[PDB]
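Shown here is one chain on its own, the form deposited in one PDB entry, set out as structure tokens.
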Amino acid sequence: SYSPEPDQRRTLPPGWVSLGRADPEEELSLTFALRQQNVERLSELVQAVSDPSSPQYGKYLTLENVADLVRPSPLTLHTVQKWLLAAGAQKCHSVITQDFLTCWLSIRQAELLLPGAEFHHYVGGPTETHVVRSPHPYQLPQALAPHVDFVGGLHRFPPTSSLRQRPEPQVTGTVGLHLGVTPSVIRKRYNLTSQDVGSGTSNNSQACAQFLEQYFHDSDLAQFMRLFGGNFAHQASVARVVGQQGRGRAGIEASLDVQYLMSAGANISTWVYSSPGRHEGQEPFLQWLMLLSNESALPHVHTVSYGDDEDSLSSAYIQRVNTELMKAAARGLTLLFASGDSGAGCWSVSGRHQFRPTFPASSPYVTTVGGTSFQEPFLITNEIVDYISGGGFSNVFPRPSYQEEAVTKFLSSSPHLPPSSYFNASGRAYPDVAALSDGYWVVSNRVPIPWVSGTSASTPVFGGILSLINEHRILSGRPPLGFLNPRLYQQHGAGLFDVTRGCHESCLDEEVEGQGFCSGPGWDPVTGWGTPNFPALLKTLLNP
């Protein structure tokens, strides 16, 4: 047998507790990632459909097209099906691309199927998220090496919300003319007029996902929109909620994404993806990702807050997830990911420090969004770096060709380069773009909450503005932008406000002294090309 994921971290993350051994007779649901075909061909098709210089630009695959391409061989399907049925799998589901298969097993059956697996219950975080995972590595038969990439639900823990304290209520002697960031502030700064809203006359649509154990509240959105939405046409309900069953407590992150996607992309049909509630063998992100490939008609724009440390992931998992992002890019979906909230990050390895990139932010196949702030508090002038803004260089994926010029220019030109030991100059660099990330208002459980901060905020803002641009494209009879990066870099970030002041954070240590990369003229790995000036950016994304 062999371990498919020797290099997946299995360590118990902070704020989690091991509760007990799972009962042999408990049932759990494990997702099996099956061996795809024609993946190299898929990468060629993506290169073509996303390159604005190609005759094939915008000619995206249907989900049917993708499935016909990448779906596993008959041998793979038959070998895995026989293998699972034998072990006692039940109530399995697949997806249209046929490259995921999820099945219920008993804990006993599962630990026979996957020798080494030892399932325990864990709880984590302020809302007591529950999972069942193995601290021990697992093995597959050699006969499955050709057929199975990995088994979801074994190791990787879902995200839990920070216990970091926001600023307390307080007096000042300047209570401001206006505290913090609201929809009005966003739309003013990025030059959306009141006319800059969806018309509902196409079937343009957009989507956000996050993966903390929090529930979406339509009531909070309604209140948010009454508070903040007075001066632009808006919708006060989502078009669809995917993944949420039952009633439960709202949270800041689950409020932020929707409330501000629907402010930046106003009067556009919006989905929410939101799977709180018990599914202990599911990984939340993998579930979401798998399910993209199970629905043919999707929103064009998806704004996603999710990250691990890149180094924590198995090769098997990270490479497969990257292929799933490729599949989405082949279909003309624009997937945006928050760049992270720890700057360049900090990783202690081999007695030393280096930067710590995150994934999927590091995927060459997503638009990754960093964070800016204003210089003075009250006042919506020029943008600078928000110190938390995630960025840096992959240790896994090589610099994609579409950022060769931009990155080489930065590396050759930047007067503030960190020590070379701290980063991988060869790697995919991010972010690609940026928006405000400091001091948002949300409504959660019917309470307005200020000082909400992070690239989780910037990300739905940037996405909404893209979704409004798509509305223009679609009404004029053109395909949506889809995978944006090739075009954006080819166009040297035209239409974006170039962020040139400030650096993001890193190790508080004797060498880099709390700073990672610095922003500069043009593309940098703190803010990318920078922030959306709508009317200017719109002009650059109309033809082709």
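Numbers for residues come from their place in the sequence shown, where the first is 1. So that the term is clear: the rigid core is the largest set of C-alpha atoms that superpose within 1.5 Å between two forms.
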TODO: Return whichever of 335-343 and 85-93 has the greater mean Cα B factor according to the PDB record.
DONE: 85-93
TODO: Going by the average Cα B-factor in the PDB entry, point out whether 400-408 or 273-281 comes out higher.
DONE: 273-281
TODO: In terms of CA temperature factor as recorded, identify the highest of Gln165, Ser426, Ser255, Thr182.
DONE: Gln165
TODO: Among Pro364, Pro158, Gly463, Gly392, single out the one with the highest C-alpha B factor in the record, please.
DONE: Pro158
Open item on the list: For the chain shown, is the CA B-factor of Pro299 in the lowest, middle or highest third of its modelled residues?
Closed with: lowest
- [ ] Could you tell me which third, lowest, middle or highest, the C-alpha B-factor of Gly15 occupies within its chain?
- [x] highest
- [ ] Ordered by C-alpha B-factor within the chain, which third holds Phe378? Give me lowest, middle or highest, please.
- [x] highest
Open item on the list: Quick check on the deposited entry: does the C-alpha B-factor of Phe119 sit in the lowest, middle or highest third of its chain?
Closed with: middle
Task: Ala207 - which third its CA temperature factor falls in, relative to the rest of the chain - done: lowest
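The form deposited in another entry is left out here; the points below concern that form.
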- [ ] Give the option from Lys409, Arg71, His279, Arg473 whose C-alpha shifts by 2 Å or more between the shown form and the other one; the alignment is on the rigid core.
- [x] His279
TODO: Have a look at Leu286 and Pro276: in the other entry, are their Cα atoms closer together or farther apart than in this form, given the change is 3 Å or more?
DONE: closer
- [ ] Given a change of 3 Å or more, say if the Cα atoms of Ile252 and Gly277 sit closer or farther in the other entry than in this form.
- [x] farther
